[PDB]
Amino acid sequence: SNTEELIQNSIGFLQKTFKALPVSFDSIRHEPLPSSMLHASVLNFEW
Amino acid sequence: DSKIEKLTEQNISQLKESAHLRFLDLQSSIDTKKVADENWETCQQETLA
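Residues numbered from 1 in each chain as written, not as in the entry; some residues may be left out. Chains lettered and ligands numbered in written order. Part of a larger assembly, values for the part shown. Heavy atoms only, no water. Residues with missing side-chain atoms left out of burial classes, pairs and counts.

cryo-EM is the method the PDB entry lists for this structure, together with a resolution of 4.5 Å.

And the structure:
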């Protein structure tokens, strides 16, 4: 219903946003992703 | 008056949200564990080969 379609849209948006970032796998295995690399829009739960 | 929930239809929607969430969480929980059973079984057959 409302929540199911809500979740589908949210998962699509998340997949796109995370596909955007450049950080390679081996780079993140040893170094924590810094906070700057994401816009303050994705944080604070405004999606 | 007793702990039987409230008829006020303003939290009926709150129940509706909870029903969608708890159910979806349980559905994922079991979907995950059956995948683990399928994987560990395959790995055990592979070592036997």
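Picking up where we left off.
Participant: I keep staring at the overall build of chain A and nothing clicks. Help me out?
Facilitator: In terms of helices and strands, chain A carries 2 helices and 0 strands. Its C-alpha atoms give chain A principal-axis dimensions of about 40 × 20 × 15 Å. (Helix = DSSP H or I, 4+ residues; strand = E, 2+ residues; numbered from the N terminus.)

Participant: Sorry if this is basic, but what is going on with the overall build of chain B here?
Facilitator: The helix and strand tally for chain B stands at 1 helix and 0 strands. Dimensions of chain B along its principal axes, counting C-alpha atoms only, are 65 × 20 × 5 Å.

Participant: I'm lost on unusual backbone geometry in this one. Help?
Facilitator: For residues that are not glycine, phi is negative in most cases, and the peptide bond is trans in most cases. For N44(A), which is not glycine, the phi dihedral falls at a positive 60°. Relative to the helices and strands, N44(A) resides in the segment after α2 (25–30). Although it is not a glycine, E5(B) sits at a positive phi angle of roughly 80°. Mapped onto the elements, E5(B) comes out in the segment before α1 (12–48).

Participant: So what exactly am I meant to see when it comes to the pattern of salt bridges here?
Facilitator: Two side chains with opposite charge may pair up if their charged atoms get near one another. A salt bridge links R29(A) to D26(A); its shortest N-O distance comes to 3.9 Å. Within this pair, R29(A) and its partner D26(A) are both found in helix α2, separated by 3 residues, close to a single helical turn. (Salt bridge = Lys/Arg side-chain N within 4 Å of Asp/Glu carboxyl O.)

Participant: Looking at this structure, how should I read the packing of aromatic side chains?
Facilitator: Where two aromatic rings form a pair, the distance of their centres and the angle of their planes describe that pair. Look at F45(A) and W47(A): their rings are 6.1 Å apart centre to centre, the planes differ by 85°, and that puts the pair in the edge-to-face class. Here a set of aromatic residues connected by ring pairs shows up, and it is made of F13(A), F45(A) and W47(A). (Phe/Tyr/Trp six-rings, centres within 6.5 Å; stacked < 30°, edge-to-face > 60°.)

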